[PDB]
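Here are the chains, one letter per residue:
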Amino acid sequence: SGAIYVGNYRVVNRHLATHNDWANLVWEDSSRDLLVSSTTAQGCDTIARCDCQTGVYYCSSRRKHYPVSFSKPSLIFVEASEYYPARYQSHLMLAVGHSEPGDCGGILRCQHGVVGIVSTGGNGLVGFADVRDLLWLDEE
Ligand SMILES: NC(=O)[C@H]1CCCN(C(=O)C2(O)CCSCC2)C1
Ligand SMILES: [Zn+2]
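Residues numbered from 1 in each chain as written, not as in the entry; some residues may be left out. Chains lettered and ligands numbered in written order. Heavy atoms only, no water.

X-ray crystallography is the method the PDB entry states for this structure, with the resolution given as 1.400 Å.

Below, the discussion takes up the nonpolar core. Counting 15 residues, the largest nonpolar core has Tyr57, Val68, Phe70, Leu108, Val115 and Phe128 as its most contacted members. Those elements that provide at least two residues to this core are β4 (54-59), β7 (87-96), β8 (107-110), β9 (113-120) and β10 (125-130). Setting aside anything within four residues of it in sequence, one finds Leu108 in contact with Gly55, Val56, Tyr57, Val68, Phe70, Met93, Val114, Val115, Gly116 and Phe128. Residues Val36, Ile47, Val114 and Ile117 belong to the second largest nonpolar core, which totals 14 residues. (Core = buried A, V, L, I, M, F, W, Y, C linked by side-chain atoms within 4.5 Å. Buried < 20%, exposed > 50% of the residue type's maximum accessible area, 1.4 Å probe, protein only. Helix = DSSP H or I, 4+ residues; strand = E, 2+ residues; numbered from the N terminus. Contact = heavy atoms within 4.5 Å.)

Here we take up the side chain of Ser119. For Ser119, the location among the structural elements is in strand β9. With a relative accessible area of 8%, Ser119 lands in the buried category. A polar contact is formed between the side chain of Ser119 and the side chain of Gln89, at a distance of 2.9 Å. Other than its neighbours up to four places away in sequence, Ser119 contacts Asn13, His15, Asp33, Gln89, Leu92, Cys104, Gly127, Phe128 and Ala129. (Polar contact = N/O pair within 3.5 Å; in protein donor to acceptor, adjacent residues only side chain to side chain.)

The next thing to look at is the coordination of the zinc ion (ligand 2). Note on the zinc ion (ligand 2): its protein donors are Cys50 (SG), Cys52 (SG), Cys110 (SG) and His112 (ND1). The metal-donor distances range over 2.0 to 2.5 Å. Each donor residue of the zinc ion (ligand 2) belongs to the same chain, with the gaps between them written as C-x1-C-x57-C-x1-H. Here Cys50 is found in the loop between β3 (34-44) and β4, whereas its partner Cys110 is found in strand β8, with 60 residues between them in sequence. (Donors = N, O, S within 2.8 Å, 3.2 Å for Na, K, Ca; no water.)

Glancing now at the sheet that holds β10. Ordered by their spatial adjacency, 7 strands build an open sheet running β5-β4-β8-β9-β10-β7-β6, and the pairing between neighbours is antiparallel. Every other strand in the sheet has two partners, leaving β5 (64-69) and β6 (74-78) as the edge strands with one partner each. Strand after strand, the sheet turns through a mean of 50° between neighbouring axes, direction not considered. The sheet contact formed by β6 and β7 spans 4 bridges and is antiparallel. Its bridge partner lying in β7, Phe77 is registered against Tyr88. (Pairing = 2+ DSSP bridges. Axes fitted to C-alpha atoms, helices over the stretch in contact; angles between N-to-C directions.)

So this is what it looks like as structure tokens:
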């Protein structure tokens, strides 16, 4: 579990969104595994606006932050899970690291701020849903 809290937005994995998230919906995209809901309180996270390919992510199944090198956001084939069939997920970045079911929502960050959240795992790989292109998270 986990979310990004920027401005009056809460960014979560679409597959982990709550009823309150759907009842206060701003935007959602199944192909990216992302959903954004509105919040009453202002958040403290800042979004990175950069092309970094190195950063650090939080892994809840290890209680640890790990430095990683990650690929550029791309269209990657993801195997069937309890939440999605086998399909192409867009704006996904891969790295070598631990990610088991429950690690989704952990933040990946670089020197500029939040880059994205854990969205996929298994096989000694971890995939992150990028948020750096969502410029509207910085306004309204
Ligand atoms: N964004 C997605 O399509 C993910 C939905 C949840 C499940 N996804 C995963 O990668 C695993 O849970 C599969 C079992 S091993 C741990 C990682 C894919
Ligand atoms: Zn950066």
